[PDB]
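Participant: Below you'll find query.txt; it's compact mmCIF, C-alpha atoms and all ligand atoms.
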# COMPACT_ATOMS: atom_id res chain seq x y z
CA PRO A 1 26.00 26.71 204.96
CA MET A 2 23.80 24.72 202.54
CA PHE A 3 24.72 23.14 199.17
CA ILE A 4 22.11 21.68 196.80
CA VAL A 5 22.76 19.97 193.46
CA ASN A 6 20.04 19.03 191.03
CA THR A 7 21.22 16.86 188.13
CA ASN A 8 19.91 14.59 185.32
CA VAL A 9 22.78 12.17 186.13
CA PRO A 10 21.34 8.83 187.42
CA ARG A 11 21.40 7.91 191.15
CA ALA A 12 23.71 4.93 190.36
CA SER A 13 26.30 7.36 188.93
CA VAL A 14 26.58 9.23 192.31
CA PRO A 15 29.54 7.62 194.13
CA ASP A 16 29.25 6.36 197.72
CA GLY A 17 30.83 9.07 199.92
CA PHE A 18 29.85 11.95 197.65
CA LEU A 19 27.84 13.76 200.36
CA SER A 20 30.71 13.33 202.89
CA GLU A 21 33.22 14.64 200.37
CA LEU A 22 31.02 17.68 199.60
CA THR A 23 30.61 18.25 203.37
CA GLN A 24 34.37 18.12 204.04
CA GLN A 25 35.23 20.22 200.96
CA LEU A 26 32.65 22.88 201.69
CA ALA A 27 33.69 23.07 205.38
CA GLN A 28 37.26 23.72 204.19
CA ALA A 29 36.26 26.25 201.49
CA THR A 30 33.85 28.26 203.67
CA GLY A 31 36.00 28.09 206.83
CA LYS A 32 33.01 26.78 208.85
CA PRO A 33 32.81 23.48 210.76
CA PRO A 34 31.33 20.42 209.01
CA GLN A 35 28.62 20.30 211.70
CA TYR A 36 27.08 23.42 210.05
CA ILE A 37 27.25 22.14 206.44
CA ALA A 38 24.13 20.59 204.91
CA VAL A 39 24.26 18.90 201.50
CA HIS A 40 21.39 17.77 199.24
CA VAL A 41 21.89 15.81 196.03
CA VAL A 42 18.98 15.31 193.62
CA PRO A 43 19.71 12.88 190.74
CA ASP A 44 17.46 11.53 187.94
CA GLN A 45 16.00 14.99 187.20
CA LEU A 46 14.18 16.04 184.05
CA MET A 47 16.38 18.93 182.93
CA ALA A 48 18.09 20.61 180.05
CA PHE A 49 20.95 23.06 179.71
CA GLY A 50 21.08 25.02 176.46
CA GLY A 51 18.29 22.77 175.16
CA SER A 52 20.51 19.68 175.63
CA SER A 53 19.79 16.74 177.99
CA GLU A 54 23.46 15.77 178.23
CA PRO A 55 24.67 15.68 181.87
CA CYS A 56 24.19 19.03 183.60
CA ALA A 57 23.69 20.43 187.09
CA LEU A 58 21.84 23.31 188.67
CA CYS A 59 23.20 24.14 192.14
CA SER A 60 22.96 26.62 194.98
CA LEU A 61 25.33 27.52 197.83
CA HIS A 62 23.75 29.48 200.69
CA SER A 63 25.96 30.87 203.47
CA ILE A 64 25.79 33.54 206.16
CA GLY A 65 28.64 35.60 204.72
CA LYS A 66 31.70 34.08 203.02
CA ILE A 67 30.06 35.03 199.72
CA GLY A 68 31.69 37.53 197.35
CA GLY A 69 33.45 38.09 194.04
CA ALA A 70 36.73 36.21 194.63
CA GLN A 71 35.28 33.63 197.01
CA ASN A 72 32.56 32.62 194.52
CA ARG A 73 35.17 32.21 191.76
CA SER A 74 37.09 29.87 194.07
CA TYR A 75 33.87 28.00 195.07
CA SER A 76 32.94 27.58 191.39
CA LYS A 77 36.34 26.07 190.51
CA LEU A 78 36.11 23.71 193.50
CA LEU A 79 32.52 22.65 192.86
CA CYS A 80 32.75 22.36 189.06
CA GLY A 81 35.94 20.30 189.63
CA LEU A 82 34.09 17.88 191.96
CA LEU A 83 31.06 17.59 189.65
CA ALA A 84 33.39 16.89 186.68
CA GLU A 85 35.46 14.30 188.57
CA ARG A 86 32.65 12.53 190.48
CA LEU A 87 29.57 12.97 188.27
CA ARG A 88 31.27 13.39 184.85
CA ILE A 89 29.46 16.73 184.31
CA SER A 90 31.24 19.29 182.13
CA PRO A 91 31.86 22.63 183.99
CA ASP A 92 30.12 24.58 181.20
CA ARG A 93 26.92 22.64 181.89
CA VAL A 94 26.84 23.70 185.57
CA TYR A 95 25.23 26.75 187.17
CA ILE A 96 25.84 27.52 190.86
CA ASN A 97 23.78 30.30 192.40
CA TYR A 98 25.38 31.95 195.45
CA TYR A 99 23.30 33.47 198.24
CA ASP A 100 24.66 35.59 201.10
CA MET A 101 22.01 35.06 203.81
CA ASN A 102 21.41 37.46 206.69
CA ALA A 103 21.64 35.51 210.00
CA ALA A 104 18.10 36.67 210.90
CA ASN A 105 16.77 34.93 207.78
CA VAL A 106 18.17 31.48 208.57
CA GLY A 107 16.06 29.46 210.96
CA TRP A 108 17.44 26.57 213.01
CA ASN A 109 16.63 24.82 216.27
CA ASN A 110 13.39 26.79 217.00
CA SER A 111 15.03 30.18 216.43
CA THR A 112 17.37 31.90 213.95
CA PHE A 113 21.12 32.50 213.74
CA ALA A 114 20.75 36.25 214.51
CA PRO B 1 18.60 32.07 182.92
CA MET B 2 17.28 29.11 184.91
CA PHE B 3 13.61 28.08 185.06
CA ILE B 4 12.31 25.49 187.52
CA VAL B 5 8.75 24.05 187.69
CA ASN B 6 7.54 21.91 190.58
CA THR B 7 4.09 20.43 190.09
CA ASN B 8 1.72 17.74 191.37
CA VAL B 9 0.81 16.93 187.74
CA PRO B 10 1.95 13.36 186.85
CA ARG B 11 5.08 12.75 184.72
CA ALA B 12 2.86 11.13 182.04
CA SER B 13 0.93 14.42 181.74
CA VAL B 14 4.11 16.32 180.81
CA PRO B 15 4.09 16.32 176.97
CA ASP B 16 7.04 15.32 174.83
CA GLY B 17 8.97 18.45 173.80
CA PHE B 18 8.12 20.45 176.91
CA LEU B 19 11.71 21.19 178.04
CA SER B 20 12.60 22.32 174.50
CA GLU B 21 9.52 24.58 174.29
CA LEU B 22 10.40 26.18 177.63
CA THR B 23 14.00 26.65 176.46
CA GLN B 24 12.96 28.28 173.17
CA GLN B 25 10.28 30.52 174.66
CA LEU B 26 12.49 31.68 177.56
CA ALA B 27 15.36 32.54 175.19
CA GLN B 28 13.01 34.74 173.20
CA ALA B 29 11.29 36.32 176.20
CA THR B 30 14.56 37.09 178.03
CA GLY B 31 16.54 38.03 174.89
CA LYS B 32 19.30 35.60 175.96
CA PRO B 33 20.93 32.96 173.74
CA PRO B 34 19.30 29.49 174.12
CA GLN B 35 22.69 27.99 175.10
CA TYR B 36 22.44 29.91 178.44
CA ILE B 37 18.86 28.77 179.23
CA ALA B 38 18.49 25.93 181.73
CA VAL B 39 15.10 24.33 182.45
CA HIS B 40 14.07 21.81 185.11
CA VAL B 41 10.63 20.18 185.46
CA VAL B 42 9.70 18.21 188.60
CA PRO B 43 6.44 16.29 188.32
CA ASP B 44 4.53 14.06 190.76
CA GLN B 45 5.10 16.40 193.68
CA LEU B 46 3.27 16.33 196.99
CA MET B 47 1.95 19.87 197.15
CA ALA B 48 -1.04 22.05 197.84
CA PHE B 49 -2.01 25.54 196.73
CA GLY B 50 -4.66 27.30 198.84
CA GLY B 51 -5.15 24.01 200.73
CA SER B 52 -6.21 22.21 197.49
CA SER B 53 -4.34 19.35 195.75
CA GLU B 54 -5.91 20.19 192.36
CA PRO B 55 -3.26 20.76 189.67
CA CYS B 56 -0.77 23.51 190.61
CA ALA B 57 2.77 24.74 190.05
CA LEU B 58 5.49 26.47 192.09
CA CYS B 59 8.13 27.90 189.79
CA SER B 60 11.22 30.06 189.83
CA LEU B 61 13.06 32.10 187.20
CA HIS B 62 16.58 33.25 188.00
CA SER B 63 18.33 35.56 185.57
CA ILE B 64 21.29 37.97 185.46
CA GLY B 65 19.24 41.06 184.71
CA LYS B 66 16.09 41.13 182.52
CA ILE B 67 13.99 41.02 185.73
CA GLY B 68 11.61 43.86 186.58
CA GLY B 69 7.98 44.90 187.04
CA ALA B 70 6.87 44.87 183.38
CA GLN B 71 9.18 42.04 182.26
CA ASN B 72 7.94 39.81 185.10
CA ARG B 73 4.29 40.52 184.08
CA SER B 74 5.18 39.48 180.45
CA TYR B 75 7.04 36.28 181.78
CA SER B 76 4.05 35.31 183.93
CA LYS B 77 1.66 35.62 180.99
CA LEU B 78 3.94 33.42 178.84
CA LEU B 79 4.71 30.85 181.53
CA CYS B 80 1.17 30.57 182.89
CA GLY B 81 -0.06 30.25 179.28
CA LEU B 82 2.38 27.37 178.69
CA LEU B 83 1.46 25.63 181.97
CA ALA B 84 -2.23 25.98 181.18
CA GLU B 85 -1.84 24.82 177.56
CA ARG B 86 0.61 21.95 178.18
CA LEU B 87 -0.01 20.75 181.76
CA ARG B 88 -3.65 21.86 182.14
CA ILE B 89 -2.78 23.96 185.25
CA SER B 90 -5.02 26.94 185.87
CA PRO B 91 -2.96 30.22 185.90
CA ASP B 92 -4.38 31.11 189.33
CA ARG B 93 -2.78 27.93 190.79
CA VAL B 94 0.72 29.01 189.69
CA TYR B 95 3.34 31.00 191.62
CA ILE B 96 6.55 32.12 189.84
CA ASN B 97 9.37 33.60 191.97
CA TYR B 98 11.61 35.99 190.01
CA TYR B 99 15.24 36.52 191.03
CA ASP B 100 17.60 39.13 189.58
CA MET B 101 21.04 37.57 190.16
CA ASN B 102 24.25 39.54 190.44
CA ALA B 103 26.69 38.22 187.86
CA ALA B 104 29.27 37.70 190.69
CA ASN B 105 26.81 35.28 192.39
CA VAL B 106 26.40 32.92 189.43
CA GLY B 107 29.09 30.28 188.97
CA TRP B 108 29.56 28.63 185.58
CA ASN B 109 32.44 26.82 183.88
CA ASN B 110 34.95 27.09 186.78
CA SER B 111 34.30 30.80 187.33
CA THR B 112 31.50 33.37 187.63
CA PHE B 113 29.95 35.80 185.15
CA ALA B 114 31.42 38.90 186.91
CA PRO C 1 3.29 32.69 200.97
CA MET C 2 5.11 29.52 199.99
CA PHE C 3 6.67 26.87 202.25
CA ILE C 4 8.89 24.04 200.96
CA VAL C 5 10.31 21.11 203.02
CA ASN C 6 12.99 18.79 201.67
CA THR C 7 13.68 15.83 203.92
CA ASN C 8 15.31 12.37 203.96
CA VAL C 9 12.37 11.04 206.00
CA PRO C 10 10.45 8.52 203.84
CA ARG C 11 7.06 9.33 202.22
CA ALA C 12 5.35 6.71 204.42
CA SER C 13 6.36 8.69 207.56
CA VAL C 14 4.59 11.89 206.33
CA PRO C 15 1.23 11.56 208.13
CA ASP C 16 -2.12 12.06 206.46
CA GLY C 17 -3.23 15.68 206.79
CA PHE C 18 0.28 17.18 206.90
CA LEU C 19 -0.05 19.51 203.89
CA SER C 20 -3.32 20.77 205.33
CA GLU C 21 -1.82 21.38 208.80
CA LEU C 22 1.08 23.33 207.24
CA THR C 23 -1.40 25.40 205.19
CA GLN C 24 -3.51 26.20 208.26
CA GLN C 25 -0.62 26.98 210.60
CA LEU C 26 1.21 29.16 208.04
CA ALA C 27 -1.99 31.11 207.28
CA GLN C 28 -2.24 31.88 211.00
CA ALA C 29 1.48 32.62 211.53
CA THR C 30 1.83 34.89 208.45
CA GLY C 31 -1.59 36.51 208.99
CA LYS C 32 -2.45 35.72 205.35
CA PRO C 33 -5.50 33.83 204.09
CA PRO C 34 -5.08 30.06 203.49
CA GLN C 35 -6.10 30.59 199.83
CA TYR C 36 -2.72 32.35 199.38
CA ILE C 37 -0.65 29.61 201.13
CA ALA C 38 1.18 27.03 198.98
CA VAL C 39 3.03 24.09 200.51
CA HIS C 40 5.39 21.50 199.02
CA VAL C 41 6.85 18.49 200.88
CA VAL C 42 9.64 16.46 199.28
CA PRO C 43 10.46 13.21 201.14
CA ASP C 44 13.01 10.42 200.49
CA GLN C 45 15.81 12.90 199.67
CA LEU C 46 19.54 12.13 199.55
CA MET C 47 20.75 14.57 202.22
CA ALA C 48 23.38 15.04 204.91
CA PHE C 49 23.18 17.57 207.74
CA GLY C 50 26.41 18.21 209.67
CA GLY C 51 27.99 15.14 208.05
CA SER C 52 25.25 12.61 209.01
CA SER C 53 21.93 11.27 207.68
CA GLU C 54 19.63 10.95 210.65
CA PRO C 55 16.29 12.66 209.97
CA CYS C 56 16.76 16.27 208.79
CA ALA C 57 15.05 18.97 206.74
CA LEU C 58 16.07 21.90 204.53
CA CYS C 59 13.16 24.28 204.19
CA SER C 60 12.18 27.67 202.80
CA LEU C 61 9.48 30.26 203.51
CA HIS C 62 8.88 32.95 200.88
CA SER C 63 6.47 35.76 201.73
CA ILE C 64 5.68 39.25 200.48
CA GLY C 65 6.50 41.02 203.74
CA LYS C 66 5.90 39.40 207.16
CA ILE C 67 9.60 38.50 207.22
CA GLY C 68 11.89 39.83 209.94
CA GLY C 69 14.00 39.16 213.04
CA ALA C 70 11.23 38.46 215.56
CA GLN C 71 8.74 37.02 213.04
CA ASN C 72 11.37 34.58 211.72
CA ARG C 73 12.14 33.37 215.31
CA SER C 74 8.42 32.73 215.75
CA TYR C 75 8.13 30.92 212.35
CA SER C 76 11.13 28.77 213.29
CA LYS C 77 9.55 27.71 216.61
CA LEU C 78 6.28 26.89 214.82
CA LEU C 79 7.84 25.00 211.92
CA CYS C 80 10.49 23.08 213.89
CA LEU C 82 5.59 20.71 213.49
CA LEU C 83 8.49 18.88 211.87
CA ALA C 84 9.48 17.32 215.23
CA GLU C 85 5.94 16.30 216.16
CA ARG C 86 4.84 15.05 212.70
CA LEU C 87 8.07 13.85 211.00
CA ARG C 88 10.17 13.11 214.13
CA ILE C 89 12.95 15.46 212.97
CA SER C 90 15.03 17.05 215.71
CA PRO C 91 14.87 20.91 215.59
CA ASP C 92 18.67 21.10 215.52
CA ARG C 93 18.68 19.23 212.18
CA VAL C 94 16.40 21.77 210.46
CA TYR C 95 17.38 24.82 208.40
CA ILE C 96 14.67 27.23 207.22
CA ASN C 97 15.63 29.95 204.73
CA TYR C 98 13.36 33.02 204.92
CA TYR C 99 12.81 35.23 201.87
CA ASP C 100 11.06 38.58 201.84
CA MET C 101 9.79 38.80 198.23
CA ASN C 102 8.95 42.06 196.48
CA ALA C 103 5.37 41.88 195.06
CA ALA C 104 6.66 42.66 191.54
CA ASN C 105 8.84 39.55 191.79
CA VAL C 106 6.00 37.08 192.43
CA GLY C 107 4.10 35.91 189.37
CA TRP C 108 0.55 34.55 189.66
CA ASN C 109 -2.45 34.30 187.31
CA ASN C 110 -0.70 35.71 184.16
CA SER C 111 0.64 38.77 186.02
CA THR C 112 2.35 39.67 189.32
CA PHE C 113 1.20 40.77 192.78
CA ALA C 114 2.47 44.36 192.08
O1 LIG A 201 27.13 30.34 207.25
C1 LIG A 201 26.67 29.85 208.39
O2 LIG A 201 27.21 30.12 209.47
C2 LIG A 201 25.50 28.94 208.33
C3 LIG A 201 25.31 28.00 209.33
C4 LIG A 201 24.22 27.15 209.26
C5 LIG A 201 23.31 27.25 208.19
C6 LIG A 201 23.50 28.18 207.18
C7 LIG A 201 22.52 28.29 206.07
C8 LIG A 201 21.37 27.52 205.91
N1 LIG A 201 20.76 28.00 204.82
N2 LIG A 201 21.44 29.07 204.28
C9 LIG A 201 22.52 29.25 205.06
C10 LIG A 201 24.60 29.03 207.25
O1 LIG A 202 2.77 37.09 201.05
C1 LIG A 202 1.86 37.13 200.09
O2 LIG A 202 0.92 37.93 200.08
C2 LIG A 202 1.99 36.12 199.02
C3 LIG A 202 0.83 35.73 198.34
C4 LIG A 202 0.94 34.76 197.36
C5 LIG A 202 2.19 34.21 197.06
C6 LIG A 202 3.33 34.58 197.76
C7 LIG A 202 4.64 33.98 197.39
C8 LIG A 202 4.86 33.03 196.41
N1 LIG A 202 6.16 32.81 196.36
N2 LIG A 202 6.83 33.62 197.25
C9 LIG A 202 5.88 34.35 197.89
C10 LIG A 202 3.23 35.55 198.74
Go through the file and emit its structure as C-alpha cells.

Facilitator:
Amino acid sequence: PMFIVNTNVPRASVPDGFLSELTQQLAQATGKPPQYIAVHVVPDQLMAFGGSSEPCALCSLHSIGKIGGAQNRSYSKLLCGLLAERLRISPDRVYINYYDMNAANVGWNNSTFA
Amino acid sequence: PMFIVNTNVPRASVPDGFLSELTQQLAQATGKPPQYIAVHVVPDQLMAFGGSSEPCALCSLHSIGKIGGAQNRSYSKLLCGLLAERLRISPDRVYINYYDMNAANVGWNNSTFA
Amino acid sequence: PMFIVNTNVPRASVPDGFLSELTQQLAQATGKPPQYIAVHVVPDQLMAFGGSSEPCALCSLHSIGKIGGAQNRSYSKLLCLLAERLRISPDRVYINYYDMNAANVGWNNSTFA
C-alpha cells in the first residue's frame, strides 16, 4: 500500500523517524508486510483548509483491498492520531482519501500485481 | 471538497489572495460550506503539456457528490477562467481530474463521512 | 493522458530531455497524440519504499481508456525508463493506473465528454 501526506507544516517540524513510524503503523493496520508499504511526506506546502492556513493535511491511502467502511474509520483514527501527535495537526483539519486499487491497476517491477 | 493545482508557473506569479479566491469560488460552485473546502497550490513544477514547457496546470477536484457531466463542465469553465485570469495559463494547457468520492472513503476528524 | 513521477532522486540526476522522452514514449504506448500527453516529474521528495530510502518512485498514469490488464503490464515495463534515466530499480517503483471517464476530465473550459 501507499500513503501520501501533503501539509503546510514546515520540514523542520517533521520528526526524524516519522516515515519509519508511518511504515510500521500502516503495515500493522493493513496486515501487509512493511516491504510493501511506501510513504511520501510533503511539507512546506501552500494550502488552506476551510480558508485557513493553520496546520492542515491532505492525505491518501491506496491499497489493493483492505479498504472499506469500518477499516477506513480505524485508519482515520490511527492516522489523525499520528498527525496530531507528531505534526501537531488537528484531526478536523485532515482529509484522508481512501482508494481500493484493483491489482491489475498497480504497476511494479516491470509488471503489475494482477 | 479538495482542489489541487500543480503548475510550472513560478511562486512569485501566484497572486496574493489566490487560495482564498479558490476557496470562496469552489464553495459557491459546489454548494458546500467553505469550512469543508481544502485548496493546495504547487508552483515551480517541472512539467510539460503536449511536449511544451509553456505555462500549464494539472489539477484535481475531489468531492463527495456534486460531480457529473454538466457540473464538471461548469467547474472547468470557472477553474480555467481563474487560472487564466490569475496565473496567465491558457485554458487549453489545463487538465482537471474530477473524482466523485464515496463518503466511506474520506477520512476526517478521526472518522469518515459515512 | 497524464503521467506523474514522484521520486527521492535529486533534481540534478534528472537528465536533460527527460520530460520530452516521457512525452514521446507515452504517446506511442497509449496510441494518443503527443499534444494530449502531459508529464510531471517531482524530484527531491521525502519518501520511503518498503522501509528504506534508496532511489524509488511513486507514479501515476491517468488515461481515458487504454487502461487494462495487458496494457498496464506493457506500460509498467516501459516506464520502469526510470531505471535507465534515474537509476531507480524497477522493484522500488509503484505506478497507479487510472481509467478516467471523459466527463471527468476537464480541459479548455469544458470536459472531454
Ligand atoms: O495492497 C497491496 O498489496 C499493495 C502492495 C504494493 C503496492 C500497493 C499500492 C501501490 N499503489 N496503490 C496501491 C498495494
Ligand atoms: O486519454 C485521453 O484521450 C486524454 C486526453 C487528455 C487528457 C487526459 C487525462 C488528463 N488527466 N487524466 C487523463 C486523457

Participant: Find the residues of chain B in contact range of chain A, meaning any atom within 8 Å when counting all atoms listed in the file, and list them as an MDAnalysis selection string.

Facilitator: chainID B and resid 19:20 23:24 34:42 104:112 114

Participant: Counting all atoms listed in the file, which protein, DNA or RNA residues come within 6 Å of ligand LIG 202 (chain A), given as a ChimeraX atom specification?

Facilitator: /B:95,97 /C:1-2,36,62-64,101,106

Participant: Just the selected residues (C-alpha atoms), exported as a compact mmCIF listing (two decimals), keeping the file's coordinate frame, please.

Facilitator:
# COMPACT_ATOMS: atom_id res chain seq x y z
CA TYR B 95 3.34 31.00 191.62
CA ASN B 97 9.37 33.60 191.97
CA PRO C 1 3.29 32.69 200.97
CA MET C 2 5.11 29.52 199.99
CA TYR C 36 -2.72 32.35 199.38
CA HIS C 62 8.88 32.95 200.88
CA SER C 63 6.47 35.76 201.73
CA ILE C 64 5.68 39.25 200.48
CA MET C 101 9.79 38.80 198.23
CA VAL C 106 6.00 37.08 192.43

Participant: Given only C-alpha atoms, how would the per-residue table for chain C near chain B read, listing every residue at most 9 Å away with its closest atom pair and distance in Å to one decimal, sorted by chain and number, as a Markdown table?

Facilitator:
| residue | atom | partner | partner_atom | distance |
| --- | --- | --- | --- | --- |
| C:2 | CA | B:58 | CA | 8.5 |
| C:4 | CA | B:47 | CA | 8.9 |
| C:19 | CA | B:48 | CA | 6.6 |
| C:20 | CA | B:51 | CA | 5.9 |
| C:23 | CA | B:51 | CA | 6.0 |
| C:24 | CA | B:51 | CA | 8.0 |
| C:33 | CA | B:50 | CA | 8.4 |
| C:34 | CA | B:50 | CA | 5.4 |
| C:35 | CA | B:50 | CA | 3.7 |
| C:36 | CA | B:50 | CA | 5.4 |
| C:37 | CA | B:50 | CA | 5.2 |
| C:38 | CA | B:49 | CA | 4.2 |
| C:39 | CA | B:48 | CA | 5.3 |
| C:40 | CA | B:47 | CA | 4.2 |
| C:41 | CA | B:46 | CA | 5.7 |
| C:42 | CA | B:46 | CA | 6.8 |
| C:43 | CA | B:46 | CA | 8.9 |
| C:62 | CA | B:97 | CA | 8.9 |
| C:101 | CA | B:97 | CA | 8.1 |
| C:103 | CA | B:69 | CA | 9.0 |
| C:104 | CA | B:69 | CA | 5.2 |
| C:105 | CA | B:98 | CA | 4.8 |
| C:106 | CA | B:97 | CA | 4.9 |
| C:107 | CA | B:96 | CA | 4.5 |
| C:108 | CA | B:95 | CA | 4.9 |
| C:109 | CA | B:92 | CA | 4.2 |
| C:110 | CA | B:77 | CA | 4.0 |
| C:111 | CA | B:73 | CA | 4.5 |
| C:112 | CA | B:73 | CA | 5.7 |
| C:114 | CA | B:69 | CA | 7.5 |

Participant: Please extract the residues at most 6 Å from ligand LIG 201 (chain A), counting only C-alpha atoms and all ligand atoms, and provide them as an NGL selection string, using the chain letters and residue numbers of this document.

Facilitator: (:A and (1-2 or 36 or 62-64 or 101 or 106)) or (:C and (95 or 97))

Participant: Can you tell me how far atom CA of residue 3 of chain B sits from atom CA of residue 15 of chain A, in Å to one decimal?

Facilitator: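 Between these atoms lies a distance of 27.5 Å.
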
Participant: Around the point (8.4, 16.8, 213.3), in the coordinates given by the file, pick out the residues reaching within 12 Å, counting only C-alpha atoms, and return them as number ranges by chain.

Facilitator: A: 109-110; C: 5, 7, 9, 13-15, 18, 22, 55-57, 77-80, 82-94

Participant: What gap, in Å, lies between atom CA of residue 59 of chain C and atom CA of residue 6 of chain C?

Facilitator: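 A separation of 6.0 Å between them.
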
Participant: Expressed in Å to a single decimal, how great is the separation between atom CA of residue 60 of chain C and atom CA of residue 99 of chain C?

Facilitator: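 The value is 7.6 Å.
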
Participant: With only C-alpha atoms as the atoms that count, which of B:14, B:9, B:84, B:4 lies nearest to residue 26 of chain B?

Facilitator: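 Of B:14, B:9, B:84, B:4, the one nearest residue 26 of chain B, counting only C-alpha atoms, is B:4.
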
Participant: Check the smallest atom-to-atom distance from each of C:8, C:31, C:50, C:44 to residue 22 of chain A using all atoms listed in the file, then report the winner.

Facilitator: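 Among the listed residues, the smallest separation from residue 22 of chain A belongs to C:50.
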
Participant: For residue 83 of chain A, which of A:10, A:55, A:66, A:103 is the closest residue, counting only C-alpha atoms?

Facilitator: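 Selected residue with least distance to residue 83 of chain A: A:55.
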
Participant: With the input short on atoms, add N, CA and C atoms back to segment 78-98 of chain A and write it as a tab-separated table (two decimals), in the coordinates of the input.

Facilitator:
chain	number	residue	atom	x	y	z
A	78	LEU	N	36.22	24.88	192.63
A	78	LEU	CA	36.11	23.71	193.50
A	78	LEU	C	34.93	22.83	193.13
A	79	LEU	N	33.74	23.43	193.05
A	79	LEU	CA	32.52	22.65	192.86
A	79	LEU	C	32.37	22.10	191.44
A	80	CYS	N	32.77	22.87	190.43
A	80	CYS	CA	32.75	22.36	189.06
A	80	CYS	C	33.75	21.21	188.94
A	81	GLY	N	34.92	21.36	189.59
A	81	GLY	CA	35.94	20.30	189.63
A	81	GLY	C	35.41	18.99	190.18
A	82	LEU	N	34.71	19.06	191.33
A	82	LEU	CA	34.09	17.88	191.96
A	82	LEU	C	32.97	17.25	191.11
A	83	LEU	N	32.13	18.09	190.52
A	83	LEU	CA	31.06	17.59	189.65
A	83	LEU	C	31.63	16.94	188.38
A	84	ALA	N	32.72	17.48	187.84
A	84	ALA	CA	33.39	16.89	186.68
A	84	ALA	C	34.03	15.56	187.04
A	85	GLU	N	34.78	15.52	188.14
A	85	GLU	CA	35.46	14.30	188.57
A	85	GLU	C	34.51	13.20	189.03
A	86	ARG	N	33.52	13.54	189.87
A	86	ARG	CA	32.65	12.53	190.48
A	86	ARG	C	31.41	12.20	189.67
A	87	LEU	N	30.79	13.20	189.04
A	87	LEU	CA	29.57	12.97	188.27
A	87	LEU	C	29.76	13.03	186.76
A	88	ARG	N	30.98	13.33	186.29
A	88	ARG	CA	31.27	13.39	184.85
A	88	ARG	C	30.42	14.46	184.16
A	89	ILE	N	30.17	15.58	184.86
A	89	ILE	CA	29.46	16.73	184.31
A	89	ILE	C	30.47	17.81	183.92
A	90	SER	N	30.39	18.24	182.67
A	90	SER	CA	31.24	19.29	182.13
A	90	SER	C	30.97	20.62	182.86
A	91	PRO	N	32.04	21.34	183.30
A	91	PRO	CA	31.86	22.63	183.99
A	91	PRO	C	30.99	23.65	183.27
A	92	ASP	N	30.98	23.64	181.94
A	92	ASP	CA	30.12	24.58	181.20
A	92	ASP	C	28.66	24.15	181.12
A	93	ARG	N	28.31	23.03	181.72
A	93	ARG	CA	26.92	22.64	181.89
A	93	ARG	C	26.52	22.65	183.37
A	94	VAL	N	27.14	23.54	184.15
A	94	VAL	CA	26.84	23.70	185.57
A	94	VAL	C	26.57	25.17	185.83
A	95	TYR	N	25.45	25.45	186.52
A	95	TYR	CA	25.23	26.75	187.17
A	95	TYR	C	25.24	26.55	188.67
A	96	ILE	N	25.88	27.47	189.38
A	96	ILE	CA	25.84	27.52	190.86
A	96	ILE	C	25.38	28.91	191.24
A	97	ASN	N	24.21	29.02	191.86
A	97	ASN	CA	23.78	30.30	192.40
A	97	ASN	C	24.26	30.46	193.84
A	98	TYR	N	24.83	31.61	194.13
A	98	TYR	CA	25.38	31.95	195.45
A	98	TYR	C	24.46	32.94	196.16
